[PDB]
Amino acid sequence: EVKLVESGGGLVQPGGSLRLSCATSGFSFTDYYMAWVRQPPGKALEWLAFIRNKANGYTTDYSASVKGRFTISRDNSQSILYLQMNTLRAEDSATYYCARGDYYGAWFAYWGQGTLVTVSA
């Protein structure tokens, strides 16, 4: 049913951009809150930026750790979520996941398998 797949991460050089993507399957993509959580090989899960559904005018909020660099977006026709990351760095190397809110008080009801990024060579 619900399928969330990420892709676009890889080995990048300090500074410089990259564009992550998440494909959707099994749900009217437009009616749901979406996010990007990040877990550096290190430890803790870290919410980066979130995008809401048509019901909420597709608003968007970001952590400050990516406030100006990273930028979220959503292809409502193709049902895909993107995360453009710019001037990457060290603390950026991590497995980036895709998440979709639940019809109730829940932000991450469905996570993707996650895609890894490594920046520091």
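One-based numbering along the sequence shown.
Chemist: Per the PDB record, is the mean Cα temperature factor higher over 33-41 or over 84-92?
Modeler: Taking the mean B-factor of the alpha carbons in each, 84-92 is higher.
Chemist: Mean CA temperature factor from the deposited coordinates, higher in 47-55 or in 73-81?
Modeler: Per the deposited B-factors, the answer is 73-81.
Chemist: Rank-wise, by C-alpha B-factor, drop residue 97 into the lowest, middle or highest third of its chain.
Modeler: Answer is lowest: the recorded C-alpha B-factor places it there.
Chemist: When the modelled residues of the chain are sorted by Cα temperature factor, does residue 21 land in the lowest, middle or highest third?
Modeler: Answer is lowest: the recorded C-alpha B-factor places it there.
Chemist: Ranking the modelled residues of this chain by C-alpha B-factor as given in the entry, is residue 110 in the lowest, middle or highest third?
Modeler: Lowest third.
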